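*Asks:* This is the content of final28.txt (compact mmCIF, C-alpha atoms and all ligand atoms):
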```txt
# COMPACT_ATOMS: atom_id res chain seq x y z
CA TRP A 1 65.81 80.36 2.69
CA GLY A 2 63.93 79.04 5.75
CA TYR A 3 64.77 77.63 9.23
CA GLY A 4 65.19 74.02 8.10
CA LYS A 5 68.38 71.92 8.21
CA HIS A 6 69.13 72.65 4.53
CA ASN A 7 67.96 76.33 4.16
CA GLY A 8 68.55 77.57 7.72
CA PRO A 9 70.23 80.73 8.99
CA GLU A 10 73.62 79.02 8.58
CA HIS A 11 73.07 78.93 4.77
CA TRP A 12 71.77 82.46 4.27
CA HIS A 13 75.25 83.93 3.68
CA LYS A 14 75.27 82.10 0.35
CA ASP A 15 72.42 84.19 -1.15
CA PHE A 16 72.74 87.12 1.24
CA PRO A 17 76.47 87.80 1.80
CA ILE A 18 75.57 90.65 4.18
CA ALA A 19 74.68 87.77 6.52
CA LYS A 20 78.29 88.01 7.67
CA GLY A 21 78.29 91.84 7.94
CA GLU A 22 79.33 94.26 10.63
CA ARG A 23 75.95 95.25 12.10
CA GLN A 24 74.01 91.99 11.96
CA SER A 25 70.99 91.24 14.23
CA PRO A 26 69.92 89.65 16.68
CA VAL A 27 72.63 89.86 19.41
CA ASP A 28 73.06 88.98 23.06
CA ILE A 29 72.40 91.83 25.47
CA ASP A 30 75.08 91.74 28.25
CA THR A 31 73.35 93.83 30.89
CA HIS A 32 76.60 94.32 32.82
CA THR A 33 78.34 95.55 29.62
CA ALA A 34 75.42 97.62 28.28
CA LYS A 35 76.08 101.35 28.93
CA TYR A 36 73.74 103.63 30.80
CA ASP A 37 73.41 106.68 28.58
CA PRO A 38 71.73 109.62 30.29
CA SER A 39 71.39 111.55 27.01
CA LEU A 40 68.61 109.14 26.04
CA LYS A 41 65.10 110.55 25.90
CA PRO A 42 61.98 108.61 26.80
CA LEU A 43 60.25 106.60 24.07
CA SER A 44 57.24 108.15 22.38
CA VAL A 45 54.64 105.77 20.94
CA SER A 46 51.56 107.33 19.39
CA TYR A 47 49.31 104.39 18.40
CA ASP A 48 45.89 105.77 19.50
CA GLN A 49 45.06 106.44 15.86
CA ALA A 50 46.23 103.13 14.37
CA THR A 51 44.51 101.39 11.50
CA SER A 52 45.07 97.61 11.03
CA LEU A 53 44.16 96.19 7.63
CA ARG A 54 45.04 92.47 7.55
CA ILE A 55 46.85 89.43 8.84
CA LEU A 56 48.97 87.39 6.39
CA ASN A 57 50.97 84.19 6.44
CA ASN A 58 54.08 84.80 4.32
CA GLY A 59 55.59 81.34 4.82
CA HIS A 60 58.01 82.29 7.57
CA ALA A 61 55.65 84.16 9.98
CA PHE A 62 52.32 85.98 10.14
CA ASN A 63 52.19 89.76 9.58
CA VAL A 64 49.59 92.24 10.84
CA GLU A 65 49.77 95.15 8.36
CA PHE A 66 48.81 98.78 8.95
CA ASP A 67 47.95 101.79 6.81
CA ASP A 68 51.09 103.92 6.65
CA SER A 69 49.98 106.56 4.15
CA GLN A 70 49.59 108.95 7.07
CA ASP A 71 51.09 109.45 10.55
CA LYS A 72 48.49 107.30 12.26
CA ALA A 73 50.72 105.07 14.42
CA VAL A 74 54.15 106.63 15.03
CA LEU A 75 57.32 106.09 16.97
CA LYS A 76 59.55 109.06 17.98
CA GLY A 77 61.85 110.18 20.81
CA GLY A 78 64.34 107.83 22.50
CA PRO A 79 67.46 107.28 20.31
CA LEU A 80 65.50 108.24 17.21
CA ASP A 81 65.73 111.38 15.15
CA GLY A 82 62.44 112.19 13.38
CA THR A 83 59.19 110.21 13.04
CA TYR A 84 58.83 106.53 12.23
CA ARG A 85 55.66 105.03 10.92
CA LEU A 86 54.34 101.59 11.93
CA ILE A 87 54.03 99.38 8.84
CA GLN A 88 53.62 95.94 10.48
CA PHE A 89 54.22 93.61 13.43
CA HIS A 90 54.97 89.90 13.63
CA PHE A 91 56.51 87.36 16.01
CA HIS A 92 59.22 84.73 16.28
CA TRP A 93 58.47 81.70 18.45
CA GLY A 94 60.05 78.33 19.29
CA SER A 95 58.91 74.73 19.44
CA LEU A 96 59.22 74.83 23.22
CA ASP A 97 59.09 77.59 25.90
CA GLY A 98 62.84 77.49 26.50
CA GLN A 99 63.44 79.05 23.03
CA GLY A 100 61.90 81.50 20.56
CA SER A 101 63.25 85.01 21.01
CA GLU A 102 65.93 86.34 18.66
CA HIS A 103 67.66 88.75 21.14
CA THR A 104 68.73 87.20 24.44
CA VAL A 105 69.47 88.81 27.82
CA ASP A 106 72.55 87.50 29.64
CA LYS A 107 72.21 84.57 27.31
CA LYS A 108 68.57 84.02 28.40
CA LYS A 109 66.03 83.08 25.73
CA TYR A 110 62.33 83.92 25.92
CA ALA A 111 59.30 81.97 24.61
CA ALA A 112 58.82 84.48 21.78
CA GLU A 113 59.72 87.94 20.54
CA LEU A 114 57.39 90.63 19.06
CA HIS A 115 58.69 93.00 16.38
CA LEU A 116 56.94 96.27 15.46
CA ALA A 117 58.53 97.62 12.27
CA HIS A 118 58.66 101.37 11.54
CA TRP A 119 60.27 103.36 8.73
CA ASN A 120 61.66 106.95 8.78
CA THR A 121 58.97 109.14 7.19
CA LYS A 122 62.09 111.60 5.86
CA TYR A 123 62.53 108.92 3.17
CA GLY A 124 58.92 108.89 1.94
CA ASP A 125 58.26 105.15 1.53
CA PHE A 126 59.40 101.81 2.99
CA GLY A 127 61.39 100.72 -0.08
CA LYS A 128 63.53 103.91 0.08
CA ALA A 129 64.23 103.74 3.84
CA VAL A 130 65.73 100.23 3.44
CA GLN A 131 68.49 102.07 1.49
CA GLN A 132 69.39 104.18 4.48
CA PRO A 133 71.58 103.46 7.55
CA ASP A 134 68.81 104.97 9.76
CA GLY A 135 65.90 103.86 7.55
CA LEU A 136 64.11 101.63 10.07
CA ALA A 137 63.10 101.43 13.74
CA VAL A 138 62.14 98.06 15.21
CA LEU A 139 60.48 97.87 18.60
CA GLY A 140 61.31 94.51 20.19
CA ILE A 141 59.27 92.98 23.05
CA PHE A 142 59.90 89.64 24.74
CA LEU A 143 57.10 87.18 25.49
CA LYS A 144 57.15 84.87 28.52
CA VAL A 145 54.61 82.11 29.40
CA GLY A 146 52.33 82.88 32.34
CA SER A 147 48.97 84.67 32.41
CA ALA A 148 46.94 85.29 29.26
CA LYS A 149 47.30 88.54 27.36
CA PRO A 150 43.74 89.75 26.77
CA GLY A 151 44.96 92.24 24.11
CA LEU A 152 46.47 89.36 22.12
CA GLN A 153 43.41 87.00 21.96
CA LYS A 154 42.05 88.66 18.81
CA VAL A 155 45.20 87.70 16.85
CA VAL A 156 45.16 84.21 18.28
CA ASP A 157 41.56 83.61 17.12
CA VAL A 158 42.21 84.53 13.46
CA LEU A 159 45.21 82.14 12.98
CA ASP A 160 42.93 79.25 12.00
CA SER A 161 42.04 81.48 9.04
CA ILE A 162 45.63 81.90 7.82
CA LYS A 163 47.03 78.44 8.58
CA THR A 164 49.11 78.12 5.40
CA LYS A 165 51.45 80.13 3.26
CA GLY A 166 49.78 82.76 1.10
CA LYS A 167 46.54 82.98 3.14
CA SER A 168 45.49 86.44 4.36
CA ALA A 169 42.54 87.84 6.33
CA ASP A 170 40.87 91.21 6.92
CA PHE A 171 42.02 92.47 10.31
CA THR A 172 40.70 95.95 11.15
CA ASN A 173 40.22 97.71 14.45
CA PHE A 174 43.21 96.03 16.13
CA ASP A 175 44.88 98.27 18.75
CA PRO A 176 48.59 97.49 19.28
CA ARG A 177 48.62 99.39 22.57
CA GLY A 178 47.35 96.15 24.03
CA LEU A 179 50.64 94.37 23.32
CA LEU A 180 52.78 96.90 25.27
CA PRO A 181 54.43 96.34 28.63
CA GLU A 182 53.97 98.71 31.55
CA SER A 183 57.50 100.08 31.35
CA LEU A 184 59.16 101.68 28.30
CA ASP A 185 62.73 101.08 29.53
CA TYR A 186 64.93 99.94 26.63
CA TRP A 187 68.30 98.91 25.25
CA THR A 188 69.36 100.33 21.83
CA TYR A 189 71.98 99.43 19.25
CA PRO A 190 72.56 99.59 15.46
CA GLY A 191 71.57 96.39 13.77
CA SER A 192 69.72 94.74 10.89
CA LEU A 193 66.63 92.89 9.82
CA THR A 194 66.76 89.35 11.29
CA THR A 195 65.51 87.79 8.08
CA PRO A 196 66.72 88.06 4.46
CA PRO A 197 67.55 90.64 2.83
CA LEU A 198 69.09 91.24 6.29
CA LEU A 199 69.59 94.90 5.36
CA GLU A 200 71.70 96.83 7.90
CA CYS A 201 69.21 99.64 8.28
CA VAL A 202 67.72 99.08 11.73
CA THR A 203 67.85 101.00 14.97
CA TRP A 204 66.89 98.36 17.57
CA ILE A 205 64.91 99.18 20.73
CA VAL A 206 64.38 96.15 22.99
CA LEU A 207 62.21 96.75 26.05
CA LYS A 208 63.60 95.45 29.33
CA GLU A 209 60.18 94.29 30.60
CA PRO A 210 58.56 91.34 28.93
CA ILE A 211 54.81 90.68 28.40
CA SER A 212 53.33 87.41 29.60
CA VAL A 213 50.94 85.31 27.52
CA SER A 214 49.29 82.01 28.35
CA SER A 215 50.57 78.60 27.34
CA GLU A 216 47.43 78.20 25.25
CA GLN A 217 47.92 81.51 23.35
CA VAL A 218 51.49 80.52 22.45
CA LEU A 219 50.34 77.02 21.50
CA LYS A 220 48.13 78.38 18.73
CA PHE A 221 51.21 80.01 17.08
CA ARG A 222 52.73 76.56 16.74
CA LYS A 223 49.87 75.21 14.71
CA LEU A 224 50.71 77.48 11.79
CA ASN A 225 52.33 76.07 8.61
CA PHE A 226 55.35 77.11 6.58
CA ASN A 227 54.04 75.08 3.67
CA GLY A 228 51.24 76.20 1.38
CA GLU A 229 47.84 74.48 1.08
CA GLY A 230 48.19 71.08 -0.54
CA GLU A 231 51.80 70.44 0.46
CA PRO A 232 53.27 68.14 3.11
CA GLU A 233 52.72 69.76 6.51
CA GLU A 234 55.73 71.51 8.10
CA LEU A 235 54.84 73.20 11.45
CA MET A 236 55.80 76.82 11.89
CA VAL A 237 58.16 76.68 14.89
CA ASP A 238 61.68 77.96 15.62
CA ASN A 239 61.45 80.86 13.11
CA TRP A 240 64.29 82.60 14.95
CA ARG A 241 67.83 83.53 14.03
CA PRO A 242 70.79 82.77 16.32
CA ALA A 243 72.61 85.65 18.01
CA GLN A 244 75.32 87.37 15.94
CA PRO A 245 78.66 88.92 16.98
CA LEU A 246 78.39 92.44 18.29
CA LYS A 247 81.76 93.27 16.68
CA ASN A 248 82.64 96.59 18.27
CA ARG A 249 79.07 97.86 18.47
CA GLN A 250 78.01 99.15 21.89
CA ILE A 251 74.68 98.50 23.58
CA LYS A 252 73.25 101.56 25.38
CA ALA A 253 70.67 101.51 28.16
CA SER A 254 67.96 104.08 28.98
CA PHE A 255 68.01 102.97 32.60
HG HG B 1 70.34 100.18 4.95
ZN ZN B 2 61.28 89.93 13.22
```
Just give me the structure of the file as structure tokens.
*Replies:*
Amino acid sequence: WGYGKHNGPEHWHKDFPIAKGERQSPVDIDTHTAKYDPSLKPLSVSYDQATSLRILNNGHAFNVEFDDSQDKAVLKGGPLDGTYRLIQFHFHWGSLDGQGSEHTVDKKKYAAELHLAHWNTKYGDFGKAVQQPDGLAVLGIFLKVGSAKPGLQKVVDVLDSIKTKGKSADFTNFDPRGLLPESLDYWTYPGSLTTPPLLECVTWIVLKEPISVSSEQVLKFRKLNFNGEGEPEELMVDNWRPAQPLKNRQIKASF
């Protein structure tokens, strides 16, 4: 699988039949159809004690991994029941600024989309939670081109180091709080992972308010490679999946 003409999202169903499931992600968020639910509690992000370990290029994106042996960086409240631990974060970007995000808003596509993956700590480990309907919690944040994001420069600088597939780099003392918008207003719905195995275990939380990053920050993302060192060079762009049918599911709003 990949995002190429021959291995793209339109071919995933072949190896991952769930691709055509009932709670597939990403989706289009119709703001006029989303339902204001007053029983929704405010989001609770506790990332003051976070511990980043490394940055890796897995051939489809770059992941910033965290130590999840303890409740260092946790997500609770909102639509969630119990505590979710931050395992990693990554992005999805496009070739141009008109595309990149996975979720859309009234059909509108952003430059990129940031995903912070969490797993329910009653299941004990990541591998076990992916076997549960409420196993994961993904915090989605849209990225628009404007002013630089100071809190994001550190990631940008280390990309040169992990240009190709398989490369990894030590990445400690990175505070994720720097990637968060002012507002914690969100939309929530039952979905899946947007990449294979596409397991239908995710509780999506997409923030209304986007973060802006500079043209130059975003440009460095696009210099990454899908291919491994020594192979023909294939630029890492458009690593996003097209919106899926909501199919009965209802999108709730915290605002
Ligand atoms: Hg699941
Ligand atoms: Zn993602």
*Asks:* Distance CA of residue 5 in chain A-CA of residue 105 in chain A, one decimal place?
*Replies:* 25.9 Å
*Asks:* Pick out the residues no farther than 7 Å from ligand HG 1 (chain B), counting only C-alpha atoms and all ligand atoms, and list them as a PyMOL selection string.
*Replies:* chain A and resi 130-135+199-201
*Asks:* From the list A:219, A:179, A:169, A:61, which residue is nearest ligand ZN 2 (chain B) when using all atoms listed in the file?
*Replies:*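 Result for the nearest residue to ligand ZN 2 (chain B): A:61.
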*Asks:* Using all atoms listed in the file, find the one residue out of A:163, A:241, A:115, A:23 that sits nearest to residue 196 in chain A.
*Replies:*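 Among the listed residues, the smallest separation from residue 196 in chain A belongs to A:241.
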*Asks:* Mind checking which residues fall within 12 Å of residue 122 in chain A, counting only C-alpha atoms, ignoring those fewer than 4 positions away in the same chain, and posting them as a PyMOL selection string?
*Replies:* chain A and resi 81-85+126+128-129+132+134-136
*Asks:* Write the selection just made, keeping C-alpha atoms, as a compact mmCIF listing (two decimals), in the frame of the given file?
*Replies:*
```txt
# COMPACT_ATOMS: atom_id res chain seq x y z
CA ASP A 81 65.73 111.38 15.15
CA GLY A 82 62.44 112.19 13.38
CA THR A 83 59.19 110.21 13.04
CA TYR A 84 58.83 106.53 12.23
CA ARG A 85 55.66 105.03 10.92
CA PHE A 126 59.40 101.81 2.99
CA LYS A 128 63.53 103.91 0.08
CA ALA A 129 64.23 103.74 3.84
CA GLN A 132 69.39 104.18 4.48
CA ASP A 134 68.81 104.97 9.76
CA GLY A 135 65.90 103.86 7.55
CA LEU A 136 64.11 101.63 10.07
```
*Asks:* Which value, in Å to one decimal, gives the distance between CA of residue 25 in chain A and CA of residue 159 in chain A?
*Replies:*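 Separating CA of residue 25 in chain A from CA of residue 159 in chain A is a distance of 27.4 Å.
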*Asks:* Which one of A:117, A:205, A:18, A:53 sits closest to ligand ZN 2 (chain B) if you count only C-alpha atoms and all ligand atoms?
*Replies:*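 Using only C-alpha atoms and all ligand atoms, the shortest distance to ligand ZN 2 (chain B) belongs to A:117.
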*Asks:* Check the smallest atom-to-atom distance from each of A:173, A:44, A:188, A:101 to residue 251 in chain A using all atoms listed in the file, then report the winner.
*Replies:* A:188
*Asks:* Interatomic distance between CA of residue 103 in chain A and CA of residue 31 in chain A?
*Replies:*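 Between CA of residue 103 in chain A and CA of residue 31 in chain A the gap is 12.4 Å.
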*Asks:* Which residue, A:26, A:245, A:98, A:79, has the smallest gap to ligand ZN 2 (chain B) when you use only C-alpha atoms and all ligand atoms?
*Replies:*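 Nearest to ligand ZN 2 (chain B): A:26.
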*Asks:* Using only C-alpha atoms for the distances, tell me which of A:161, A:70, A:57, A:7 is nearest to residue 87 in chain A.
*Replies:*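 Checking each candidate against residue 87 in chain A, we get A:70 as the closest.
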*Asks:* If we count all atoms listed in the file, what is near residue 143 in chain A at a cut-off of 7 Å, once residues fewer than 5 positions away on the same chain are taken out, given as a PDB file with C-alpha atoms, keeping the file's coordinate frame?
*Replies:*
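around_20.pdb was written with the following content:
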```pdb
ATOM      1  CA  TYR A 110      62.330  83.920  25.920  1.00  0.00           C
ATOM      2  CA  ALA A 111      59.300  81.970  24.610  1.00  0.00           C
ATOM      3  CA  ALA A 112      58.820  84.480  21.780  1.00  0.00           C
ATOM      4  CA  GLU A 113      59.720  87.940  20.540  1.00  0.00           C
ATOM      5  CA  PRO A 210      58.560  91.340  28.930  1.00  0.00           C
ATOM      6  CA  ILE A 211      54.810  90.680  28.400  1.00  0.00           C
ATOM      7  CA  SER A 212      53.330  87.410  29.600  1.00  0.00           C
ATOM      8  CA  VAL A 213      50.940  85.310  27.520  1.00  0.00           C
TER       9      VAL A 213
END
```
*Asks:* Tell me, counting all atoms listed in the file, for each residue of chain A within 9 Å of ligand ZN 2 (chain B), which pair of atoms is nearest and how far apart they are in Å to one decimal, in rows ordered by chain and increasing number, as CSV.
*Replies:*
```
residue,atom,partner,partner_atom,distance
A:61,CA,B:ZN2,ZN,8.7
A:89,CA,B:ZN2,ZN,8.0
A:90,CA,B:ZN2,ZN,6.3
A:91,CA,B:ZN2,ZN,6.1
A:92,CA,B:ZN2,ZN,6.4
A:102,CA,B:ZN2,ZN,8.0
A:113,CA,B:ZN2,ZN,7.7
A:114,CA,B:ZN2,ZN,7.1
A:115,CA,B:ZN2,ZN,5.1
A:116,CA,B:ZN2,ZN,8.0
A:117,CA,B:ZN2,ZN,8.2
A:138,CA,B:ZN2,ZN,8.4
A:140,CA,B:ZN2,ZN,8.3
A:193,CA,B:ZN2,ZN,7.0
A:194,CA,B:ZN2,ZN,5.8
A:195,CA,B:ZN2,ZN,7.0
A:240,CA,B:ZN2,ZN,8.1
```
*Asks:* List the neighbours of residue 225 in chain A out to 9 Å using all atoms listed in the file; skip same-chain residues closer than 6 positions along the sequence, and give me the result as a ChimeraX atom specification.
*Replies:* /A:57,59-61,162-165,233-237
